[PDB]
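S.K.: One structure, pasted below without further comment.
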Amino acid sequence: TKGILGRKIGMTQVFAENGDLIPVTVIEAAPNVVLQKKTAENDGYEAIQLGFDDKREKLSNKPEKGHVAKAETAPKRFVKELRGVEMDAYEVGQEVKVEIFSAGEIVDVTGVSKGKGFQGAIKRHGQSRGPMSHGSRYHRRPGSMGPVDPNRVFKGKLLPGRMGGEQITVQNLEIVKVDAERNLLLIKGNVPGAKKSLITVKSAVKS
Amino acid sequence: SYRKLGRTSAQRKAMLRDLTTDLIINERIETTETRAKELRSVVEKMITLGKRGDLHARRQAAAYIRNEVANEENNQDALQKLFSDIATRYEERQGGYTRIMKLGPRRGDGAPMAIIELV
Amino acid sequence: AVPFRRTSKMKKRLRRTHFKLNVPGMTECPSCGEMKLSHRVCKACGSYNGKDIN
Amino acid sequence: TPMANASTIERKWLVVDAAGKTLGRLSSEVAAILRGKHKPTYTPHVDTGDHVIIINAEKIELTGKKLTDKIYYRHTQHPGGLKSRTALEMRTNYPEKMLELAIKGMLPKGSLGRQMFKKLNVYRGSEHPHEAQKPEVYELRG
Amino acid sequence: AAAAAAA
RNA sequence: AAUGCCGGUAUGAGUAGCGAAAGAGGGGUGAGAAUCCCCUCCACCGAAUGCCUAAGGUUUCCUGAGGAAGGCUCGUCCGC
RNA sequence: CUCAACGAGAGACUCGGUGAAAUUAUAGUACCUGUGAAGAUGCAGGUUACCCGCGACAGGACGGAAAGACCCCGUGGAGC
RNA sequence: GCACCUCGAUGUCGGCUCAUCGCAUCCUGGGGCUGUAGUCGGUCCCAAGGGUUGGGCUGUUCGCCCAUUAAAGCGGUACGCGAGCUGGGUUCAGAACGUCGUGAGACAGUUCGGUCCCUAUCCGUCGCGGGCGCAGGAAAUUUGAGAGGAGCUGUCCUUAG
RNA sequence: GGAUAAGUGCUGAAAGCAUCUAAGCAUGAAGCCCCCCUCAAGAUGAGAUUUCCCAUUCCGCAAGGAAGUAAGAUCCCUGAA
């Protein structure tokens with residue numbers, strides 16, 4: 001498999017080869033430098049480390065500076081592993097760019113979703129709402145916790161809490177256009193997360 | 001997003017106009033820190049309105065400056081003070097006409113106080 | 001909404017573990033001291049980096 | 001008046017081979033070894049038992065039709081959380097926790113039981129990484 | 001009857 | 001050991017509440033000021049939230065000091 | 001409501017000041033299946049579980065508040 | 001049916017909200033026998049993974065009807081759930097109709113109207129922190145013992161009239 | 001994909017035949033265990049890889065205890081994706 005990880009900028013619309021109008025998500029995801037190659041005889045599994053969005057030396061630690069010394073590159077903000085890529089096909093310090101994806105391919109997009117704060121059960125779990133009239137004092141409440149006989153609430157009872165901030169994967173999106181000059185990926189559909197957050201684009205599980 | 005400061009929007013506008021004008025006459029006031037943070041952008045916007053010096057900017061500033069006397073035994077209003085002293089004082093400076101310096105907490109309610117001054 | 005049993009002394013003291021409050025961010029004032037909490041004007045001398053501004 | 005050892009217990013290391021025995025008859029002997037029932041200095045509150053290593057856990061066998069009839073249950077704290085597998089699937093993939101569940105069932109329940117469970121070491125055959133302890137080969141009484 | 005009308 | 005009587009002290013717990021409805025700043029007093037005094041804006045009632053006059057209360061009215069307790073916080077202030 | 005989504009204010013949240021009440025055998029107070037005065041946090045067998053908090057919900061503690069009002073008894077009473 | 005537990009209180013119907021469990025399975029999946037020519041069927045097996053509706057009438061569950069659907073399944077959980085919600089009916093104090101009673105009054109006969117309290121201590125659940133451990137102190141990246149989520153299907157065209 | 005339920009079987013004797021079974025092999029369901037997604041070493045069984053910091057001072061003859069610090073982090077401040 002193949003993949004690359006970067007920052008998304010925002011959404012736009014692009015018409016392509018017909019009159020049809022396509023919702024397009026823009027992702028800056030290049031260049032990515034291979035930092036570490038995981039091997040089965042040493043680490044127990046096969047993976048590669050990709051680094052993205054290098055930063056100033058003031059914001060990087062001495063272990064972070066020493067970890068990227070082997071790849072001959074600046075310390076980078078985002079490090080994630082890809083598993084399992086076609087071993088080996090990449091050497092340590094080789095730049096991964098957006099040219100690996102053609103503009104007709106099917107990819108998997110994952111990322112940390114937008115935070116919503118501590119929210120009620122109606123918004124967090126999609127639970128239906130109580131009546132506002134005919135004497136009713138009941139609305140926006142989670143419901144009965146369960147029966148009487150267990151003398152307890154069963155685990156998994158849906159209750160208000162914090163929504164968002166979790167990893168969400170959207171499957172089988174399509175690349176609309178690839179921009180090798182400006183390091184941009186144009187992806188059909190919606191992408192989870194807020195603006196300028198980390199987005200990982202990996203090849204889909206075919207077929 | 002702007003702060004609400006525990007007030008109604010009309011009360012917010014009235015209190016911000018009062019604090020802006022009172023800073024414009026007395027040149028140094030002592031409020032809470034969040035009131036200072038909400039006040040400084042409005043005050044530098046009104047100083048920017050005073051920078052232009054034309055009649056339309058003065059009529060824009062007249063909708064915000066309250067009618068209190070600025071300079072005694074001169075009959076100078078605050079609206080005249082913006083276009084006579086503050087604009088000529090801050091002609092070279094591009095923004096940052098106010099600074100906020102924090103003080104200790106208040107005795108009665110633990111409110112963190114701040115010094116606001118025109119610089 | 002009614003307590004079934006009273007709280008014992010040990011459970012009350014265990015709940016009051018985090019009720020304590022911390023030492024403020026107090027530092028040496030370069031003018032006189034002592035001492036001055038960080039990012040505020042000193043109440044003794046009225047100075048802040050480093051002019052007497054009161 | 002009688003002797004009661006504490007912090008003077010000498011613990012040996014034993015190797016038990018499970019090629020031809022049952023799940024089963026060896027597990028009670030291993031639990032009795034781990035409790036310290038073979039030593040005359042047994043004291044019930046200080047864990048006089050010694051370490052044991054079991055090799056060839058995949059070579060274990062059990063009589064009757066228990067390969068398809070014996071069912072292991074690992075129920076969660078969630079409703080409908082009853083998960084089940086047969087003895088054949090538990091032996092084929094990883095019979096180590098089969099043997100440790102047998103020993104944990106025959107060990108006493110408590111802090112000493114969890115302590116004596118720590119001396120047990122079950123491995124897929126036929127090598128163990130405890131050659132530095134120099135373990136001796138133990139033959140089963142029957 | 002068992003009417004819950006406690007005052 | 002009476003859902004006993006009286007007195008003292010806990011738990012809940014630093015929890016609920018602090019009782020409709022606009023305050024802001026600059027000076028003053030003072031050991032101590034978000035709450036007291038003065039000034040300037042802003043706001044509210046205005047067939048009243050204005051004026052007086054019964055019933056009723058009875059000193060609560062004024063001046064000078066004071067702040068213990070009472071102001072559901074503070075208090076240099078008050079119908080204390 | 002289908003079918004709910006935003007916005008404003010008060011409480012709830014944090015900090016400063018002040019600060020109760022119902023209740024309370026002691027309590028280091030898990031779950032399943034049984035047992036038991038026949039419906040278990042405390043019993044038995046097993047399965048799980050590092051210590052201490054904060055914000056929420058209310059299934060249980062046959063929760064609290066009222067010596068059940070229904071039914072029955074009293075060789076009780078009262079009204080008609 | 002009995003009266004074992006509760007009368008120094010275990011709130012009782014029907015709906016709303018939230019569900020969970022067992023198949024004696026309504027559909028979907030795989031089969032046997034058919035008096036199964038094919039479609040549609042009948043009966044009996046294996047199978048709880050998922051889904052099993054919008055109304056008119058009545059307080060109603062139930063039931064009848066309208067229009068769909070792949071089907072509109074039976075039950076348990078204090079006939080699940082009122083310290084989560086409503087009181088329309090039962091089930092107070094008022095007033096009538098019919099009947100019984102001389103009468104005061106009575107009627108699982110009817111109708112009109114009729115106060116539903118609680119600031120969560122503990123266990124449970126949903127989220128978020130602070131410690132300590134993991135035989136040196138750290139910054140990152142991670143394998144996975146285990147656990148949770150998802151799991152449904154219609155119609156049309158070819159093969160092929 | 002793997003082992004399967006009901007079924008369909010192959011080769012076959014107890015019982016010279018016959019036979020789905022008592023040994024050995026299959027095929028077979030929206031059931032099961034994975035492949036799809038997510039949390040996951042407090043998994044006290046606390047795992048693994050990479051890269052920094054170094055091995056001071058004073059007491060305690062041993063165990064150990066205090067002060068400063070390196071790598072690094074925090075108090076305090078500007079803010080929100």
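Please note that chains go A, B, ... in the order of the structure tokens, that every chain numbers its residues from 1, and that ligands are numbered from 1 in the order shown.
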Give as a PDB file with C-alpha atoms (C1' of nucleotides), in the first residue's frame every residue of chain H that touches chain E within 10 Å, counting only C-alpha atoms (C1' of nucleotides).

M.R.:
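For reference, result03.pdb as written:
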```pdb
ATOM      1  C1'   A H   9     -46.175   3.218  52.731  1.00  0.00           C
ATOM      2  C1'   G H  11     -47.271   4.592  43.701  1.00  0.00           C
ATOM      3  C1'   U H  12     -50.913   1.221  41.016  1.00  0.00           C
ATOM      4  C1'   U H  90     -59.383   3.979  37.692  1.00  0.00           C
ATOM      5  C1'   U H  91     -58.946   6.578  42.659  1.00  0.00           C
ATOM      6  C1'   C H  92     -60.813  11.654  47.575  1.00  0.00           C
ATOM      7  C1'   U H 115     -52.613  20.301  44.208  1.00  0.00           C
ATOM      8  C1'   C H 116     -47.992  14.161  40.813  1.00  0.00           C
ATOM      9  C1'   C H 117     -42.601  17.038  46.540  1.00  0.00           C
TER      10        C H 117
END
```

S.K.: DSSP on the backbone, helix (DSSP H, G or I) only: what residues of chain D does that give? Format it as an MDAnalysis selection string.

M.R.: chainID D and resid 25:35 57:59 66:69 87:93 96:106 111:117 131:133

S.K.: Measuring between only C-alpha atoms (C1' of nucleotides), which one of H:21, H:112, H:46, H:81 shows the shortest distance to residue 96 of chain H?

M.R.: H:112

S.K.: Produce a table with one row for each residue of chain B that has an atom at most 12 Å from any atom of chain I, each row naming the nearest atom pair and its distance in Å at one decimal; use only C-alpha atoms (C1' of nucleotides); arrange rows by chain and rising residue number; format as CSV.

M.R.:
```
residue,atom,partner,partner_atom,distance
B:1,CA,I:80,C1',10.4
B:37,CA,I:78,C1',11.7
B:101,CA,I:77,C1',11.6
B:102,CA,I:77,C1',10.7
```

S.K.: Skipping near chain neighbours, those fewer than 3 positions away, what residues fall within 9 Å of segment 26-34 of chain A using only C-alpha atoms (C1' of nucleotides), listed as an NGL selection string?

M.R.: :A and (4-12 or 37 or 48-53 or 71 or 73 or 90-98 or 180 or 182-187 or 196 or 199-201)

S.K.: Could you check how far atom CA of residue 179 of chain A sits from atom CA of residue 22 of chain A, in Å to one decimal?

M.R.: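 Interatomic distance, atom CA of residue 179 of chain A to atom CA of residue 22 of chain A: 16.9 Å.
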
S.K.: Counting only C-alpha atoms (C1' of nucleotides), what are the residues of chain G within 9 Å of chain C, and for each of them which pair of atoms is the nearest and at what distance in Å, to one decimal? Sort the table by chain and rising number, as JSON lines.

M.R.:
```
{"residue": "G:22", "atom": "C1'", "partner": "C:2", "partner_atom": "CA", "distance": 7.0}
{"residue": "G:23", "atom": "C1'", "partner": "C:3", "partner_atom": "CA", "distance": 5.5}
{"residue": "G:24", "atom": "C1'", "partner": "C:6", "partner_atom": "CA", "distance": 4.8}
{"residue": "G:27", "atom": "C1'", "partner": "C:8", "partner_atom": "CA", "distance": 8.1}
{"residue": "G:52", "atom": "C1'", "partner": "C:14", "partner_atom": "CA", "distance": 6.6}
{"residue": "G:53", "atom": "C1'", "partner": "C:18", "partner_atom": "CA", "distance": 6.6}
{"residue": "G:61", "atom": "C1'", "partner": "C:4", "partner_atom": "CA", "distance": 7.8}
{"residue": "G:63", "atom": "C1'", "partner": "C:4", "partner_atom": "CA", "distance": 7.3}
{"residue": "G:64", "atom": "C1'", "partner": "C:2", "partner_atom": "CA", "distance": 5.6}
```

S.K.: Got time to write the residues from that selection, N, CA and C atoms (P, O5', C5', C4', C3', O3' and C1' of nucleotides), as a PDB file, in the first residue's frame?

M.R.:
```pdb
ATOM      1  P     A G  22     -32.277  19.087  59.236  1.00  0.00           P
ATOM      2  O5'   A G  22     -33.103  17.964  58.466  1.00  0.00           O
ATOM      3  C5'   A G  22     -34.498  18.104  58.236  1.00  0.00           C
ATOM      4  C4'   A G  22     -34.905  17.441  56.944  1.00  0.00           C
ATOM      5  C3'   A G  22     -34.560  15.963  56.821  1.00  0.00           C
ATOM      6  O3'   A G  22     -35.534  15.120  57.416  1.00  0.00           O
ATOM      7  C1'   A G  22     -33.847  17.109  54.873  1.00  0.00           C
ATOM      8  P     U G  23     -35.182  14.238  58.713  1.00  0.00           P
ATOM      9  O5'   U G  23     -34.161  13.138  58.181  1.00  0.00           O
ATOM     10  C5'   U G  23     -34.519  12.225  57.152  1.00  0.00           C
ATOM     11  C4'   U G  23     -33.289  11.596  56.546  1.00  0.00           C
ATOM     12  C3'   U G  23     -32.432  10.777  57.502  1.00  0.00           C
ATOM     13  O3'   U G  23     -32.880   9.436  57.596  1.00  0.00           O
ATOM     14  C1'   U G  23     -31.064  12.280  56.270  1.00  0.00           C
ATOM     15  P     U G  24     -32.769   8.620  58.974  1.00  0.00           P
ATOM     16  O5'   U G  24     -31.205   8.406  59.180  1.00  0.00           O
ATOM     17  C5'   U G  24     -30.465   7.514  58.360  1.00  0.00           C
ATOM     18  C4'   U G  24     -28.985   7.678  58.588  1.00  0.00           C
ATOM     19  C3'   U G  24     -28.519   7.528  60.031  1.00  0.00           C
ATOM     20  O3'   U G  24     -28.293   6.176  60.404  1.00  0.00           O
ATOM     21  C1'   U G  24     -27.593   9.502  59.086  1.00  0.00           C
ATOM     22  P     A G  27     -18.930   5.414  60.585  1.00  0.00           P
ATOM     23  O5'   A G  27     -18.698   4.337  59.432  1.00  0.00           O
ATOM     24  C5'   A G  27     -17.448   3.677  59.317  1.00  0.00           C
ATOM     25  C4'   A G  27     -17.467   2.519  58.346  1.00  0.00           C
ATOM     26  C3'   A G  27     -17.392   2.854  56.872  1.00  0.00           C
ATOM     27  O3'   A G  27     -16.107   3.286  56.476  1.00  0.00           O
ATOM     28  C1'   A G  27     -18.886   1.048  57.216  1.00  0.00           C
ATOM     29  P     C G  52      -9.589   5.449  47.031  1.00  0.00           P
ATOM     30  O5'   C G  52      -9.411   7.010  46.773  1.00  0.00           O
ATOM     31  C5'   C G  52      -8.857   7.859  47.767  1.00  0.00           C
ATOM     32  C4'   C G  52      -8.668   9.264  47.253  1.00  0.00           C
ATOM     33  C3'   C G  52      -9.900   9.919  46.660  1.00  0.00           C
ATOM     34  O3'   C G  52     -10.808  10.394  47.637  1.00  0.00           O
ATOM     35  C1'   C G  52      -8.047  10.307  45.244  1.00  0.00           C
ATOM     36  P     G G  53     -12.306  10.781  47.211  1.00  0.00           P
ATOM     37  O5'   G G  53     -12.178  12.304  46.768  1.00  0.00           O
ATOM     38  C5'   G G  53     -13.034  12.864  45.789  1.00  0.00           C
ATOM     39  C4'   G G  53     -12.309  13.896  44.966  1.00  0.00           C
ATOM     40  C3'   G G  53     -13.160  14.642  43.953  1.00  0.00           C
ATOM     41  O3'   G G  53     -13.844  15.735  44.536  1.00  0.00           O
ATOM     42  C1'   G G  53     -11.180  13.872  42.910  1.00  0.00           C
ATOM     43  P     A G  61     -34.355  -0.268  45.972  1.00  0.00           P
ATOM     44  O5'   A G  61     -33.263   0.025  47.098  1.00  0.00           O
ATOM     45  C5'   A G  61     -32.526  -1.029  47.700  1.00  0.00           C
ATOM     46  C4'   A G  61     -31.246  -0.537  48.334  1.00  0.00           C
ATOM     47  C3'   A G  61     -31.388   0.304  49.590  1.00  0.00           C
ATOM     48  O3'   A G  61     -31.607  -0.484  50.748  1.00  0.00           O
ATOM     49  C1'   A G  61     -29.796   1.291  48.135  1.00  0.00           C
ATOM     50  P     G G  63     -37.917   2.110  50.276  1.00  0.00           P
ATOM     51  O5'   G G  63     -36.792   3.199  50.002  1.00  0.00           O
ATOM     52  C5'   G G  63     -35.426   2.827  49.909  1.00  0.00           C
ATOM     53  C4'   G G  63     -34.528   4.022  50.082  1.00  0.00           C
ATOM     54  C3'   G G  63     -35.149   5.196  50.822  1.00  0.00           C
ATOM     55  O3'   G G  63     -35.097   5.053  52.229  1.00  0.00           O
ATOM     56  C1'   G G  63     -34.169   5.974  48.833  1.00  0.00           C
ATOM     57  P     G G  64     -36.417   5.295  53.110  1.00  0.00           P
ATOM     58  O5'   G G  64     -36.408   6.860  53.382  1.00  0.00           O
ATOM     59  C5'   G G  64     -35.234   7.516  53.835  1.00  0.00           C
ATOM     60  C4'   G G  64     -35.329   9.002  53.615  1.00  0.00           C
ATOM     61  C3'   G G  64     -36.585   9.665  54.154  1.00  0.00           C
ATOM     62  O3'   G G  64     -36.498   9.957  55.538  1.00  0.00           O
ATOM     63  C1'   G G  64     -36.192  10.394  51.941  1.00  0.00           C
TER      64        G G  64
END
```

S.K.: Could you pull out the residues in chain C that DSSP calls strand (DSSP E or B) from the backbone, as a PyMOL selection string?

M.R.: chain C and resi 26-27+36-37+47-48+51-52

S.K.: Determine which residues of chain G sit within 8 Å of chain A, taking into account only C-alpha atoms (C1' of nucleotides), and present them as a PDB file with C-alpha atoms (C1' of nucleotides), in the first residue's frame.

M.R.:
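Result went into iface.pdb, see below:
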```
ATOM      1  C1'   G G  39     -36.470  -9.762  44.987  1.00  0.00           C
ATOM      2  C1'   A G  56     -23.385  15.095  34.485  1.00  0.00           C
ATOM      3  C1'   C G  57     -27.716  10.922  34.461  1.00  0.00           C
ATOM      4  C1'   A G  58     -30.989   8.698  37.961  1.00  0.00           C
ATOM      5  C1'   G G  59     -31.222   1.850  37.697  1.00  0.00           C
ATOM      6  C1'   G G  60     -30.616   0.266  42.986  1.00  0.00           C
TER       7        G G  60
END
```

S.K.: For a quick test of understanding: name the residues of chain B lying within 12 Å of chain F when counting only C-alpha atoms (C1' of nucleotides), and present them as JSON, numbers by chain.

M.R.: {"B": [6, 7, 8, 9, 10, 11, 12, 13, 14, 15, 16, 17, 18, 19, 20, 21, 22, 23, 24, 25, 26, 27, 28, 29, 30, 31, 32, 35, 65, 66, 67, 68, 69, 70, 105, 106, 107, 108, 109, 110, 111, 112, 113]}

S.K.: Would you list the contacts of residue 193 of chain A as a VMD selection string, taking every protein, DNA or RNA residue within 10 Å and counting only C-alpha atoms (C1' of nucleotides), but skipping same-chain residues closer than 3 positions in sequence?

M.R.: (chain A and resid 8 110 to 115 164 to 168 190 196 to 199) or (chain I and resid 81)

S.K.: Please identify all residues of chain C having at least one atom at most 7 Å from any atom of chain I, considering only C-alpha atoms (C1' of nucleotides), and return them as a PDB file with N, CA, C and O atoms, in the first residue's frame.

M.R.:
```pdb
ATOM      1  N   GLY C  25       2.287  32.376  41.620  1.00  0.00           N
ATOM      2  CA  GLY C  25       3.498  32.567  40.840  1.00  0.00           C
ATOM      3  C   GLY C  25       4.279  33.803  41.242  1.00  0.00           C
ATOM      4  O   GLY C  25       4.371  34.774  40.486  1.00  0.00           O
ATOM      5  N   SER C  38       4.051  37.219  39.296  1.00  0.00           N
ATOM      6  CA  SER C  38       4.471  37.356  37.905  1.00  0.00           C
ATOM      7  C   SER C  38       3.377  37.974  37.042  1.00  0.00           C
ATOM      8  O   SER C  38       2.187  37.710  37.232  1.00  0.00           O
ATOM      9  N   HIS C  39       3.812  38.808  36.090  1.00  0.00           N
ATOM     10  CA  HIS C  39       2.981  39.527  35.118  1.00  0.00           C
ATOM     11  C   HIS C  39       1.981  40.473  35.778  1.00  0.00           C
ATOM     12  O   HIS C  39       0.883  40.682  35.256  1.00  0.00           O
TER      13      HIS C  39
END
```

S.K.: Counting only C-alpha atoms (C1' of nucleotides), which residues of chain D fall within 12 Å of chain H, and what is the closest atom pair for each with its distance in Å at one decimal, ordered by chain and rising number, as a tab-separated table?

M.R.:
```
residue	atom	partner	partner_atom	distance
D:74	CA	H:146	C1'	10.2
D:75	CA	H:147	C1'	11.0
D:76	CA	H:147	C1'	8.2
D:77	CA	H:147	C1'	9.8
D:78	CA	H:148	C1'	9.3
D:79	CA	H:20	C1'	7.0
D:80	CA	H:21	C1'	7.9
D:81	CA	H:147	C1'	10.0
D:83	CA	H:147	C1'	11.6
D:94	CA	H:145	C1'	11.6
D:97	CA	H:145	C1'	10.4
```

S.K.: Please list as a ChimeraX atom specification every residue within 12 Å of segment 56-62 of chain F, counting only C-alpha atoms (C1' of nucleotides) and excluding residues in the same chain fewer than 3 positions away.

M.R.: /F:78-80

S.K.: Compare F:50, F:7, F:71, F:12 by their minimum atom-to-atom distance to chain C, counting only C-alpha atoms (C1' of nucleotides), and give me the closest one.

M.R.: F:12

S.K.: Can you pull out the residues contacting residue 44 of chain H? Cut-off 12 Å, using only C-alpha atoms (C1' of nucleotides), and skip same-chain residues under 6 positions away; I want them as a list in words.

M.R.: residues 31, 32, 33 and 34 of chain H; 6 of chain I

S.K.: Keeping N, CA and C atoms (P, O5', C5', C4', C3', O3' and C1' of nucleotides) for every residue in the selection just given, could you write it to a file as a PDB file, in the first residue's frame?

M.R.:
```pdb
ATOM      1  P     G H  31     -28.904 -24.223  -0.101  1.00  0.00           P
ATOM      2  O5'   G H  31     -29.192 -25.525   0.765  1.00  0.00           O
ATOM      3  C5'   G H  31     -30.417 -26.228   0.645  1.00  0.00           C
ATOM      4  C4'   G H  31     -30.649 -27.122   1.835  1.00  0.00           C
ATOM      5  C3'   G H  31     -31.772 -28.136   1.696  1.00  0.00           C
ATOM      6  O3'   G H  31     -31.380 -29.289   0.973  1.00  0.00           O
ATOM      7  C1'   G H  31     -31.954 -27.045   3.782  1.00  0.00           C
ATOM      8  P     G H  32     -32.394 -29.978  -0.065  1.00  0.00           P
ATOM      9  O5'   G H  32     -33.287 -30.931   0.847  1.00  0.00           O
ATOM     10  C5'   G H  32     -32.702 -32.015   1.554  1.00  0.00           C
ATOM     11  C4'   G H  32     -33.698 -32.679   2.471  1.00  0.00           C
ATOM     12  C3'   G H  32     -35.019 -33.086   1.839  1.00  0.00           C
ATOM     13  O3'   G H  32     -34.936 -34.315   1.140  1.00  0.00           O
ATOM     14  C1'   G H  32     -35.424 -31.987   3.895  1.00  0.00           C
ATOM     15  P     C H  33     -35.766 -34.535  -0.217  1.00  0.00           P
ATOM     16  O5'   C H  33     -37.270 -34.714   0.274  1.00  0.00           O
ATOM     17  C5'   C H  33     -37.643 -35.805   1.103  1.00  0.00           C
ATOM     18  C4'   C H  33     -39.050 -35.640   1.619  1.00  0.00           C
ATOM     19  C3'   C H  33     -40.116 -35.434   0.559  1.00  0.00           C
ATOM     20  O3'   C H  33     -40.538 -36.650  -0.033  1.00  0.00           O
ATOM     21  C1'   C H  33     -40.410 -33.857   2.305  1.00  0.00           C
ATOM     22  P     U H  34     -41.216 -36.648  -1.488  1.00  0.00           P
ATOM     23  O5'   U H  34     -42.703 -36.157  -1.210  1.00  0.00           O
ATOM     24  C5'   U H  34     -43.471 -35.565  -2.241  1.00  0.00           C
ATOM     25  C4'   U H  34     -44.400 -34.507  -1.708  1.00  0.00           C
ATOM     26  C3'   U H  34     -45.041 -33.629  -2.764  1.00  0.00           C
ATOM     27  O3'   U H  34     -46.173 -34.241  -3.355  1.00  0.00           O
ATOM     28  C1'   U H  34     -44.196 -32.275  -1.010  1.00  0.00           C
TER      29        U H  34
ATOM     30  P     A I   6     -25.751 -30.895  12.548  1.00  0.00           P
ATOM     31  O5'   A I   6     -27.116 -30.691  11.756  1.00  0.00           O
ATOM     32  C5'   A I   6     -28.303 -30.324  12.441  1.00  0.00           C
ATOM     33  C4'   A I   6     -29.314 -29.725  11.498  1.00  0.00           C
ATOM     34  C3'   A I   6     -29.613 -30.538  10.251  1.00  0.00           C
ATOM     35  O3'   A I   6     -30.550 -31.572  10.494  1.00  0.00           O
ATOM     36  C1'   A I   6     -29.260 -28.273   9.661  1.00  0.00           C
TER      37        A I   6
END
```

S.K.: Using only C-alpha atoms (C1' of nucleotides), tabulate the residues of chain I lying at most 10 Å from any atom of chain D, each with its closest atom pair and that distance in Å to one decimal, by chain and increasing residue number, as a tab-separated table.

M.R.:
```
residue	atom	partner	partner_atom	distance
I:3	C1'	D:89	CA	8.5
I:32	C1'	D:85	CA	8.4
I:33	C1'	D:85	CA	8.9
I:45	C1'	D:118	CA	8.1
```

S.K.: Could you give me, as number ranges by chain, the residues within 9 Å of residue 87 of chain B, counting only C-alpha atoms (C1' of nucleotides) and dropping anything in the same chain fewer than 2 positions from it?

M.R.: B: 47-53, 81-85, 89-91

S.K.: Could you tell me how far atom CA of residue 50 of chain C sits from atom CA of residue 117 of chain B, in Å to one decimal place?

M.R.: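 Calculated distance between atom CA of residue 117 of chain B and atom CA of residue 50 of chain C is 16.3 Å.
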